[PDB]
Amino acid sequence: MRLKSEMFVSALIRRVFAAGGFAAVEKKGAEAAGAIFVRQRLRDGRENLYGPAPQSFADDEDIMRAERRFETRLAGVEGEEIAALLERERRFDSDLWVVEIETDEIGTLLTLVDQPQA
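For the sequence shown, the residue numbers in PDB author numbering are 1 to 118.
Quick look at the structure:
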């Protein structure tokens, strides 16, 4: 669905609970035009990071006129690595959100340009 940043984070949480996993909005930024950085928590002991992909936004139309897909920032890393990048991204643009999702799988509950199609 083509929706806002605030509406995406809330909907993402319902996707992970539909897969049996968990989610919660940690950081809050801009509701409409904001960035979204989600950390997947593998019960294996590892964590991932996701962010807004390079969308083909025709003079920033596709930000709120098209479904901007996500990408994988980090994968098979730890929580220090996650917060270390969230540190870099907040510095330049604190309008990012952070959602902790605790799940095994990602593709069903968040689609990525980095990760392959189902």
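We put the CB at the ideal spot given by N, CA and C, even for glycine.
Cβ-Cβ distance between residue i and residue j below 8 Å
| i | j | result |
| --- | --- | --- |
| residue 112 | residue 29 | no |
| residue 31 | residue 6 | yes |
Per DSSP, cross-strand counterpart(s) of residue i
| i | result |
| --- | --- |
| residue 24 | 100 |
| residue 112 | 70 |
Coil, strand or helix - residue i by DSSP
| i | result |
| --- | --- |
| residue 51 | strand |
| residue 66 | coil |
| residue 57 | coil |
| residue 83 | helix |
| residue 33 | coil |
| residue 75 | strand |
| residue 88 | helix |
| residue 12 | helix |
| residue 94 | coil |
Neighbour-count burial assignment, residue i, 16 or more Cβ in a 10 Å radius
| i | result |
| --- | --- |
| residue 40 | buried |
| residue 103 | buried |
| residue 3 | exposed |
Boundaries (first-last residue) of the beta strand (DSSP E) holding residue i
| i | result |
| --- | --- |
| residue 106 | That residue, residue 106, is in no beta strand (DSSP E); it is neither H nor E in DSSP. |
| residue 39 | 36-41 |
Proximity test, Cβ basis, 8 Å: residue i and chain D
| i | result |
| --- | --- |
| residue 115 | As a matter of chain content, chain D is missing from the structure shown, which is built from one protein chain. |
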